[PDB]
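Asker: just coords:
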Ligand SMILES: CC(C)(C(=O)NCCSc1ccccc1C(F)(F)F)P(=O)(c1ccc(C(F)(F)F)cn1)c1ccc(C(F)(F)F)cn1
């Protein structure tokens, strides 16, 4: 990692990178960077680049709730891909400030999970992932402006969206083409 | 491998052994041995020893359905232990002809299972193991003579029964102790 | 394996066993027995017991065409479970001679596959698994009496059937309960 | 690598913020305990802020954080982020009353202690008694912090039980929901 | 194995041989030895070769091929589950008129696969070899199917599946085998 | 690691290195580098050395879209090799500022991929990788000046380019041999 | 995995011995044992040794070679699939006029491979020995093929493939075998 | 392989095979065979084919002492190779009846050993392998008619002998070439 | 590593770069980075590249080689220990007149090594490509040694060791450094 | 940086298995010391079982090339290449500590491949053995023949025996 | 840093198994300390089960050779070479803590190869065992005969037992 090191200087310009699989510890680092920037200045926008194939729902939810919680607007920019929990956090950005780069791609689907144990415990845990599915679809509908029923239909199986399609789906607000 | 071998010669006396973990192939051996003894003589009792920790539920139901289908009474004898599907196949024997040896032990509990994938598939497979729990419990009421909601409670967790409690429970009819 | 071995002894009664995963070498053994049984007496029914979770499609189809090609009717009996390709070969028995036991279950779904390579290669194998899915669904519709659409809608995701449901669906013609 | 501003987690310690993240075990808990003492040392009056995102973990390790939280002069305010299961739910409900929060989409799981032993029957009895004594006390400390009766906590912890943020408020595990900063 | 002689032994005295699974030296040698035995036992009756194979080692397949062409008996081939690559090749190499697909078998054909490791000089020796192997396999297939060598070349560059009807139309087999007479 | 290391020192002169496999994390660091240099001087050229055999397409597209978006020209110099995604990122520098060293080579082909699962899902991901192949060829045709179908035939299979043939093909503009 | 009537045993009654797979001491000893036994059964009748091998251990192979020359009966060798390296040597080692290739079989010849680990002094002892075995192989190869020593040397420095026809014109084998007459 | 049993039938002609690594169990097999052929006719010759890289010394000496002990002369035939303890049992056959096939080769050397532990125990074991080295060289001098000192000088390092050389050295009496 | 700045960073101030061990992409890049920094620091003062290497990835070496010829300053190559294959190639590629062995270093040359696995068609592609690489390697070799391309071809078919004097005599290096001059 | 401080006293440590990267870090320290001062001695401490010859030769040629006299001090052991580099110190400056031990033997090697390549690589290791022997004779003042006779097998020398043999010059026991 | 900081107070820690690289670290710290002040005592805390003999001997020859006395202090355990280096300290300046323990025994070893080589390496470990036993007798004041009767098998000495044996000079109980 080349020399403030490269990421930490970009953090001074309110830039945060979410990269790779979503799990607790990289999630916590994003949360901490957001909380830190809100302290440095609750008025200025935060920029979160998202290149991710997805990952742990509860961990992405910590970034989501931090995203809504803090004062600053969190702008999202998708480069490479934003899949599943990655696509969910991209559309979670402040309305009007969610972006895809021209050849970034997006994928949405339904929650994934797995359990082993007794029938009683399996029902508990299956009941809970369905509640998570419903919560995601609602939040998904809310950020995209699609109906709940459109989210449900379209996430039952993997659905890919090009950058233009994700603009037209309401997942992002526009494409970043070149700096003016 | 003591010797025409010791199990095949024991089979000549209508004696079938269900040892160890219950799965598709060992269960198939027993299905075939029962079919064969039935072909030899539909009148005579068949003796099914059971020293088993349990195992795959559908594998066991292939034995259960075969026991109930074939004309001969299938007598069951618990030596060692009959746990989970082992207990089930022991109480499935012809009423009056189900026996624990003096120190054999019995354990009953609910189906174990699990699966991983999309929420929608998790739901389908949770539903299914719940349906199985229901049937298994119904079928246990049938054979032991206890109320459905008694079985449901006695098997939510691991529940041991000594040979006496297993008779008093309805699982077996009597204890074997000394040949007459 | 008990002793003439037990499976050989029941071959004499024109009973074949399909147990466990469908793959080439076990499927081959099953085919070899059908050809033998037909060469012994092309007019008598053959009895195929099925307890399997499914397996390789081409291996399963090899059994299927043999069942149809040979002179005898092939009666299919499901014990334990007949899943995926096991459900297919179950329903492919002689019309009117297809049976579930009271407590066996059936499950149906669409083909599984997978491949790695260049986009062009992926396309060739993807086209092929869809054709196979097409063929399987057509045959399922033929053997159950259900519309092609019904089959396709019901096989996108794993669907379970109790023995009663398997009869009401056209997978089997009746339940075997006791030997009359 | 960690971004620097002081790495990121050190700067947020200045504002008296501490993250509990991932599996609870001895060294990550001892890290948290050490921060809680530092904070109490740097200012015995100001509040400490403990972010919890955890599936739980080793009970004795969690109980080291817990006793530190009660022992210290500072009120410790806990904030659930993605999830607080098992020892994490316990430590969440253990923060200063009125200062325990769920983020709107965090979730809480409660259940009973896991464990087990291997050895002679005589020793199996000792270790079974111990985990039963532990389960008894934990139930009591959950009843105390949540406000639920001891019997209720028992019924509800025999099996896994999920609570959303609002249900966690209604249950007494947390006090309110943090939705937008004021 | 199930007795009646195990069941393959029983179908061997009816001149049925089973090519099943991957093609390699030892299963291929086993098929060759069955043909020679069936040829000794009666060189005037046909041999029945059931093929359910995904392919395998080319030189092991060619010991089966040369043995079918060599022995006096005709070798009739029936493809039951799949016959892919070397599997398809041995299927199409049966006695003309006596090559069948069961109705739901499939066939796949393509070009040789291989691999070498070592010095440039030996890489070239081996690369040139497999190209020649390719040229002979394409020739034998054209011969047995009646396609032009050029057609065989086009259709084997990449994997190509043929259903049982399509195989009949391609020349790869002679008839489908539906219900026994 | 000869250290403020040597790459940080080369960064000062707007020299970025792309070495080895393309993947999310080395790709993210090149994007962070590119962004940092724009912020320094959004007018001064940036130089990307490419010595790579390829890697994950979406990770390369994260770098590709960053090159086009940022205000500065990105000059691409290939040393050693630019294979697959590496060729793509090479041909994607500024027209006129794309170089090969004398004995470096270039290799181009089509997307490689692999999915497994249900036939329906195989179709979705097969269809996505074909979309990816088409959009890759379009941008390949756009940056080299060849036609969509010339790129299409030349990329069905692995195709090697000497540094002269790279120039002739429009993959790069010229060859650096000695420093002026 | 075998059929009974056992199949290779039955083919042994026709004086047919099989050399499949990699040459190593134990598979080789099995072939010497069948050769010795077949001699004792009748020292005048030929022996048929079908060869489909990539090669293998030299000494293990030399144990089949010397058995072949030692025994009274002629050992006719037949290549099916491939006879590579030690496999090829044993092919061309058959009785003169009775070594055959099947039409699409193939043959590859090269030089001894080995390796050693140890002290310089011991490295020399073993390197010399593998060079001496290389010299004895090229000689016995020059003998059985009718080629000069120098030609065998040049042609085996690196891997060299021979089609069935090129093997006949090289002296490895006497003639191809297309159909049972 | 080939039960027709090929090794059993050659044993009836008094032929024993020593193949592969010399260890207690295969050597016990050779001993058991020699014992049996003595008990069958203590006067006819026995024929030990040797193709062997050597092996454990005490395992081998059990074969050696059995060869001298039994009334029958044990003719030895090297075939392929006889190295180390293979060479020793080769030359240990009956005088005038030790043969090499023309292209067999022999290798001789001193014993190999390995020990770990306390210095006091290392001495006890190093003393022992020197004793075993002295005895082996002695016996080897006695069967080759070479001096002890010549044997000692030649076995310090690996020495290869061809079939003729092994005759010249006295390890075998002559070369079998063609059956008379 | 010892600090002094660490020992290698300190020798970089004296314009000394170390090429140690297997040649692969990341160690090659650090070498290229170093040379870009040394030219920038002073486009005229010589660069000293110590080489002790058994070889490695050709494209990775070729990134070093082309960086060496592009940059303005002369690159002086000092062999110590061993320069084998691509390491030999990079040592003889230093500034003409300034390529050295130390007295007991040894050099080894041979032809490219590679390996492919796949369809026959792609095997053709990659075998052609490695023959293309072998030719240019031989050509750049002859250029830097002065030997005829034919001589290079004959002497790199197999591993060929050269002592320090032999490498001087061959054109690989220009002289030997024995004691300090 | 304890080795860095000790480096300031012109002390370089040869520890453990000899291979390319540690040899190269050995060479880099010797060049740095020469540049810091070409007239002062360097002290190379050796505690090694040996290792890769070409790696040791890169250390050996550097010791001869650089201007400073490289004194060698054996502690623990110097076996095989470790003892070659010990005997290659500046004459009169090669030291054993009282309870170090020295082991000389012959090159070890191994190849796999074609017989032609086996002969190529075996010829080479015999060439290496001769030059190892040549240089061993050179620094100990024994004859090539004596060295060839003494190194065919493992051979242990104690500090006194290492002085008699010529491998080292004397024994350090206590600091004067 | 905590260990660097205790090194400034002339304290080195010998902890765990004795092998080449941890032993080199110890030797480097001793030469560093001797240079920093060749007149001031060095303190060596030993908590170790033993380990490689030649590595241990490089420590041992450094302790003897350098100017400063090396006072050794046993903490936890000093077994085998651990015990050897503990009795290696300056007479009068070797300590045990009250509840530390000490184990002595003979050298352990292992070779594999030709008989002639086994003899060579077997001979050498016996020489090593002689010198080891000779040095121990020296440092403990016991007779040679006593040391080897006592070390032929594992022998445990408590702190008072090791004072009485001559392995260390006194016990440390509380700071004064
Ligand atoms: C990128 C380029 C600036 C470059 O790497 N300089 C490295 C020197 S950094 C530097 C500079 C000033 C002060 C201090 C420093 C340092 F180092 F102390 F920090 P360049 O010189 C180059 C290109 C290719 C190669 C090779 F060998 F890999 F092929 C090599 N060098 C270059 C030249 C020409 C062009 C044109 F004309 F084509 F546009 C573009 N780029």
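Answerer: Arrived safely, thanks for sending. Numbering: from 1, shown residues only, chains lettered A, B, ... in the order given.
Asker: what is whichever residue of chain A sits closest to chain G paired to in the beta sheet?
Answerer: Closest approach of chain A to chain G (CB to the nearest CB) occurs at residue A:116, with a separation of 36.8 Å. Backbone N, C-alpha and C define where each C-beta goes, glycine included. Note on residue A:116: beta-bridge partners by DSSP bridges are residue B:114.
Asker: where do the helices sit along chain A?
Answerer: Defined through DSSP state H, the helices belonging to chain A, from first to last, are A:6-12, A:24-40, A:57-69, A:85-91, A:119-144, A:148-155, A:163-169.
Asker: Distance of the residue of chain A closest to chain G relative to chain E?
Answerer: Taking CB to the nearest CB, to the nearest Å as the criterion, residue A:116 is separated from chain E by 33 Å.
Asker: Wait, that residue touches residue B:125, no?
Answerer: No: proximity of residue A:116 to residue B:125 does not meet the contact threshold set by CB atoms under 8 Å, at 11.7 Å.
Asker: what residues are shared contacts of these two?
Answerer: Here residue A:116 and residue B:125 share the contacting residues residue B:113, scored by CB atoms under 8 Å, 6 or more residues apart in numbering or on different chains.
Asker: Looking at those two, which is more packed in?
Answerer: residue B:125 (19 against 12; other CB atoms under 10 Å in any protein chain shown).
Asker: What residues does chain A have near chain D?
Answerer: Where chain A comes near chain D, counting by CB under 8 Å from any CB of the partner chain, the residues are A:1, A:4-5, A:7-8, A:11, A:24-25, A:27-29, A:31-33, A:35-36, A:38-39, A:42, A:56, A:58-62, A:64-66, A:68-71, A:120-121, A:124-125, A:128, A:131, A:135, A:139.
Asker: and the residue of chain A closest to chain G, what is it in contact with?
Answerer: Applying CB under 8 Å, 6+ apart as the definition, the contact partners of residue A:116 turn out to be B:112, B:113, B:114.
Asker: out of the residues of chain A next to chain D, which touch chain F?
Answerer: Applying CB under 8 Å from any CB, the subset of these adjacent to chain F comprises A:1, A:7.
Asker: Now list the buried members of the residues of chain A next to chain D.
Answerer: With burial judged by 16 or more other CB atoms under 10 Å in any protein chain shown, the buried subset of the residues of chain A next to chain D is A:5, A:7-8, A:11, A:24, A:27-29, A:31-33, A:35-36, A:38, A:56, A:58-62, A:64-66, A:68-70, A:120-121, A:124-125, A:128, A:135, A:139.
Asker: And the helices of chain A: which comes nearest residue H:16?
Answerer: Proximity to residue H:16 (CB to CB) singles out helix A:119-144 among these, at 64.1 Å.
Asker: helices and strands around that closest one, which ones?
Answerer: When contacts are defined as 3 or more CB pairs under 8 Å, 6 or more residues apart in numbering or on different chains; DSSP states H and E, helix A:119-144 packs onto helix A:57-69, helix A:85-91, strand A:112-118, helix A:148-155, strand B:112-118, helix B:119-144, strand D:161-164.
Asker: With distance to the ligand as added columns, please give those in CSV.
Answerer: Rendered in CSV, the data for the helices and strands packed on helix A:119-144 read as follows (distance: least, CB to the nearest ligand atom, whole Å):
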stretch, distance to the ligand
helix A:57-69, 38
helix A:85-91, 34
strand A:112-118, 46
helix A:148-155, 47
strand B:112-118, 49
helix B:119-144, 52
strand D:161-164, 56
